[PDB]
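Asks: Protein chains in written order, with the numbering used here: chain D, 1 to 79; chain H, 1 to 79; chain G, 1 to 107; chain F, 1 to 93; chain C, 1 to 91; chain P, 1 to 99; chain W, 1 to 98. The beta carbon of each residue, even a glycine, is placed where N, CA and C say it ideally should be.
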Amino acid sequence: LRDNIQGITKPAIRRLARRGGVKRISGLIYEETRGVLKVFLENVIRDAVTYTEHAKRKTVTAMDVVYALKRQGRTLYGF
Amino acid sequence: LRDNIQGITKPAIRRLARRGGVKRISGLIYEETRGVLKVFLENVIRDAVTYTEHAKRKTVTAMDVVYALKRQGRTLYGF
Amino acid sequence: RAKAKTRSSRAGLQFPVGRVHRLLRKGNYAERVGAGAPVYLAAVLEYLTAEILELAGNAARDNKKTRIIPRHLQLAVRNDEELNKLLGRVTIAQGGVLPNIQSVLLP
Amino acid sequence: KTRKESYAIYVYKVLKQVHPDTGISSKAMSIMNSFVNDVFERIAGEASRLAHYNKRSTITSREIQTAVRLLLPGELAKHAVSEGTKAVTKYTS
Amino acid sequence: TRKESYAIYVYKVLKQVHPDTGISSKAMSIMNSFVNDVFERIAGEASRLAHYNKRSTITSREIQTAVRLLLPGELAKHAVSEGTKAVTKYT
Amino acid sequence: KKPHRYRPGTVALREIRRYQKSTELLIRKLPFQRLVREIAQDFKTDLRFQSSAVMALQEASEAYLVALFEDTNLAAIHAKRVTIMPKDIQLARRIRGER
Amino acid sequence: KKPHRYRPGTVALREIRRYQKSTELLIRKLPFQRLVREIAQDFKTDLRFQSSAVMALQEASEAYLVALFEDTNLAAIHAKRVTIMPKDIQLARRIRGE
DNA sequence: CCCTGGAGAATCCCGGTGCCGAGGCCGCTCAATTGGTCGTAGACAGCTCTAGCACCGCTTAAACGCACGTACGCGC
DNA sequence: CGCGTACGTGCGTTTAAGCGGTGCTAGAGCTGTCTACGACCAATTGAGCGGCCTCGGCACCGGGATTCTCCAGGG
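1. When the Cα atoms are used, what is the spatial distance from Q14 (chain G) to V33 (chain G)?
2. Kindly indicate if chain D contains any beta-carbon less than 9 Å away from that of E75 (chain F).
3. Roughly how far, in whole angstroms, is the beta-carbon of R15 (chain D) from the beta-carbon of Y19 (chain P), given that I think they are within contact range, below 8 Å?
4. Nearest chain F C-beta to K70 (chain H) closer than 9 Å, yes or no?
5. Could you name the residues of chain H that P38 (chain G) contacts, counting a contact when the two beta carbons are closer than 7 Å?
6. Is there a C-beta anywhere in chain F that falls below 9 Å from the one on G78 (chain H)?
7. From the DSSP output, in three-state form, read off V82 (chain P) for me.
8. Distance cutoff 9 Å, beta carbons only. Does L71 (chain F) sit that close to anything in chain G?
9. Does the distance from the C-beta atom of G78 (chain H) to that of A93 (chain G) stay below 9 Å?
10. Could you have a look at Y77 (chain D) and say whether DSSP puts it in helix, strand or coil?
11. Which residues of chain G have a Cβ atom closer than 7 Å to the Cβ of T75 (chain H), listed in chain order?
12. Hey, does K26 (chain C) have any beta-carbon neighbour from chain D nearer than 9 Å?
13. My output table needs one value for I92 (chain G): the three-state DSSP class, helix, strand or coil.
14. Checking contacts by CB at 9 Å: is residue 180 (chain W) closer than that to chain H?
15. Establish whether the CB of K56 (chain D) and some CB of chain F are separated by less than 9 Å.
16. Three Cβ pairs or more, each shorter than 8 Å: is that satisfied between the stretch 57-67 of chain W and the stretch 86-102 of chain G?
17. Could you run through the stretch 34-50 of chain W and flag, in chain order, every residue whose CB is less than 9 Å away from some CB of chain H?
18. Taking the runs of the alpha helix (DSSP H) that are 4 residues or longer, which of them lie wholly in the stretch 50-80 of chain F?
19. Does the beta carbon of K10 (chain D) come closer than 9 Å to any beta carbon on chain P?
20. Nearest CA to the CA of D71 (chain P): which residue from W:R96, W:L26, W:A76?
21. For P38 (chain G), is the beta carbon positioned less than 8 Å from some heavy atom of the ligand ATP?
22. Starting from the C-beta of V35 (chain C), find all residues in its chain whose C-beta is less than 6 Å away, skip the five residues before and the five after it, and write them out in chain order.
23. Using 8 Å as the cut-off, can you tell me whether the stretch 59-74 of chain H makes contact with the stretch 44-54 of chain W, which would need three or more C-beta pairs spanning the two stretches below that distance?
24. So for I69 (chain G), helix, strand or coil by DSSP?
25. Residues in its own chain within less than 8 Å of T58 (chain F) by CB, not counting five upstream and five downstream?
26. Please state if the CB of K10 (chain H) and the CB of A12 (chain W) are separated by a distance shorter than 9 Å.
27. Just checking: is the beta-carbon of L83 (chain G) within a distance shorter than 9 Å of some beta-carbon in chain W?
28. Which two residues bound the contiguous alpha helix (DSSP H) that contains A55 (chain D)?
29. Helix, strand or coil for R24 (chain D)? Go by DSSP, reduced to three states.
30. With distances taken between CB atoms, is the gap from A75 (chain P) to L65 (chain P) smaller than 9 Å?
31. For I16 (chain W) and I89 (chain W), what's the separation of their Cα atoms in angstroms?
32. Hey, quick one: how far does the alpha helix (DSSP H) through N84 (chain G) stretch, first residue to last?
33. Give every residue of the same chain whose Cβ lies closer than 6 Å to the Cβ of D37 (chain C), excluding the five residues on either side of it in the sequence, and list them in chain order.
34. Looking at the unbroken alpha helix (DSSP H) that takes in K4 (chain F), where does it start and where does it end?
35. If you draw a straight line from the alpha carbon of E31 (chain H) to that of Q6 (chain H), how long is it in whole angstroms?
36. For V36 (chain W), I'd like the list of residues in its chain whose CB is within less than 8 Å of its CB, leaving aside the five on either flank, ordered along the chain.
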């Protein structure tokens, strides 16, 4: 699995900006948003990896991701 | 005790911004900084009041101030 | 009984294993506390203590001081990137902040 | 008088084991005591938090190992894990 | 097996205040997570509060102190008054 | 003859109103899902993810990016601009403490 | 005879350097002490504070305001400015969620 | 209008005082240490079966790209 | 206020997202099993800390100075 950071397409980033009230979207914001999303994912998923490894499980559950987000003060409702 | 919000003098607010590396300070910053400090103090002291009330104590201790700062993600070392 | 050898010396550690185990039991965390859990806790705390003190000692020599005072501890925490992220939400009294100036701020 | 639990002397021996020529003030000592206690509360809170989710009643070395991976980031984590693993192996032996 | 849930109790609360509307399971899971997350926050604060004064027990004052510490403003005094009314009705 | 030719910003506001009232997920499921796998491949080679596990990661990432975009947008008007900039995000993460 | 007449900015940067490497408390003791008692008297009357209790409050408030000023200053250069504004603080609190 | 020499003032290196907080020592006492003993949580072994992984049609809304110009970032 | 470019708008075209389907097995609950493990109980004991003695590192006080900075003169 390579070049999967491009899966977050340009209209998908544009739609995220529109939900946030952004009126104009720069052409250099897509690489920065992908980098921010990659850094944010590299923390939560790695936290869920340690949660999954400690639980004697080899598949990541949404329940483990819930505590992974909660321990960083980003608790998610609805699982 | 009245007009004690002016105890944080303008050079004191000037000195605080100098520690933060602020080049120039506007004249309306001091009134805003006093209000921000008043709001921040109104949350920490009120939390410390409940900590002191829970211990059946009439004087607020330094340990209760630490717990008041710790619960909001602003933990303080040295007290 | 036998000689009362401390668990810190048995594990090659300086932090008290028994105090950590006692605080774990009375700290209201779990019904039982394992044997190796205080040993693991003592090693992590000692390594974190040794890492900052070495950096604080390095900061102490930068300003030519033989005593660790709270500015050195604050300088050691903020200069290290991992200590910065570990203690991002931590306020250190009598330490100030890093003496850094914006590039456009200089004349 | 009353004996108060503190890590005042324990940090001092750690300082001399890595820097036998420098000292430490009491204000810096109290900061180190607060730093040790806060990290102690965070890891033990996390280790208790981990055991509750797995429906486990005891806190083992793996509880602490996962707790320090979640809190300490990156290169600081694996040296603490390596130091932690070395301590348990020395304690068992 | 049996899984603990707060779904049915919220439904009786929902019909008590607004009997003309229902709830979805997707919104039920959000409310179930909401009640559970507040539960650990109040109990964790109450456990921390008992540890500060070397208290081996958690009373109604432990929960009341945690509410005013967590709930801000005029929301807290409602929960304090609601808790006080339930305590008096309990005895 | 000429088309309607909406002015720059008019369709942007319509997209703003549409996505602020609709709860459908903007990021597609599969491209985001494969991004989870390649990120988790660096930590564990033999790892699996549930359908709800990828679901929980997507909503948290979408809400975090929306909240980041809200702070990024507010810095633009603060900086006498209407276009978001990469330096605005870098300011947003640093003020929030996320580097 | 000509006065020195330092231009604005240089002494401010000098004050920045002299106060970033120092650790003395910038806010005076009793003015911060009296502000705490006035605020606390609105919540509960006949309330006392220890000397070290205010010491914990004073250092935490200064560091929070210095960190706020750092984000406030960082907003100024981001907005192509060197002078901080009251709206800069409002943006800083909003991004932090306060 | 820009480059360079000289001097005013805040800052930095250095000698002498000392003092008060830091380092070292004495008990000793209370919490850390030793041994035994069980209830019991936990690691281990076998079953399974329900949900995830891999590939396949398809079709269709989502996405890359190019042409154009006017709101806007940026320079002064 | 002026420049310009680069990002808003719009469809052509493509391309993969997603719905539905099928098959397999990776493995998480589930149930026994048996087994070391830690709370608790006698029994004990040894350095942590309150306190006291000592002592020296840097705050203080000046003294001096390089040393970086601004104002004035020249090309």
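Replies: Walking through what the data contain:
1. 20 Å
2. no
3. 6 Å
4. yes
5. What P38 (chain G) touches in chain H: nothing, since even the nearest Cβ is about 23 Å away.
6. At a cut-off of 9 Å between beta carbons, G78 (chain H) contacts chain F.
7. coil
8. yes
9. yes
10. For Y77 (chain D), the three-state secondary structure derived from DSSP is coil.
11. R89, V90, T91
12. yes
13. strand
14. Residue 180 (chain W) cannot be examined here, being either before or after the span of chain W that is shown, 1 to 98.
15. yes
16. yes
17. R34, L35, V36, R37, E38, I39, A40, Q41, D42, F43, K44, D46, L47, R48, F49, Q50
18. 61-71
19. no
20. W:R96
21. The model on display carries no ligand, and the ligand ATP is accordingly not part of it.
22. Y6
23. yes
24. coil
25. Around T58 (chain F), the same chain offers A51 as residues with beta carbons nearer than 8 Å, after the five sequence neighbours per side are excluded.
26. no
27. no
28. It is not in any alpha helix (DSSP H) - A55 (chain D) carries neither H nor E in the DSSP assignment.
29. strand
30. no
31. 19 Å
32. 81-86
33. Hits under 6 Å: none found.
34. Careful: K4 (chain F) lies outside any alpha helix (DSSP H) and carries neither H nor E.
35. If you take the alpha carbons of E31 (chain H) and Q6 (chain H), they lie about 9 Å apart.
36. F49, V54, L57
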